[PDB]
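The structure appears right after this line, and notes come after that.
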Amino acid sequence: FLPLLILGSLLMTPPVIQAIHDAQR
């Protein structure tokens, strides 16, 4: 999930969707 999700996509891509969302706040 949150972790596993970002982890899984932790190769050649940042924690998008969430990162931008967090940065949005």
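Chain labels run A, B, ... following the order of the structure tokens; each chain numbers its residues from 1, and ligands are numbered from 1 in the order shown.
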Based on the backbone DSSP call, show me all residues of chain A assigned helix (DSSP H, G or I), as a PyMOL selection string. chain A and resi 2-8+19-24
Using C-alpha atoms, can you export the residues from the last selection as a PDB file, in the first residue's frame?
ATOM      1  CA  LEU A   2       1.038   3.575   0.682  1.00  0.00           C
ATOM      2  CA  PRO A   3       4.466   2.107   1.468  1.00  0.00           C
ATOM      3  CA  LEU A   4       4.345  -0.982  -0.714  1.00  0.00           C
ATOM      4  CA  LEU A   5       2.757   1.108  -3.440  1.00  0.00           C
ATOM      5  CA  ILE A   6       5.510   3.705  -3.475  1.00  0.00           C
ATOM      6  CA  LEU A   7       8.029   0.942  -2.882  1.00  0.00           C
ATOM      7  CA  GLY A   8       6.768  -1.100  -5.810  1.00  0.00           C
ATOM      8  CA  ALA A  19       3.684  13.349  -3.489  1.00  0.00           C
ATOM      9  CA  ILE A  20       1.972  16.012  -5.563  1.00  0.00           C
ATOM     10  CA  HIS A  21      -1.039  15.677  -3.295  1.00  0.00           C
ATOM     11  CA  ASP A  22       1.028  16.102  -0.153  1.00  0.00           C
ATOM     12  CA  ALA A  23       2.918  18.967  -1.746  1.00  0.00           C
ATOM     13  CA  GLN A  24      -0.455  20.371  -2.737  1.00  0.00           C
TER      14      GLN A  24
END
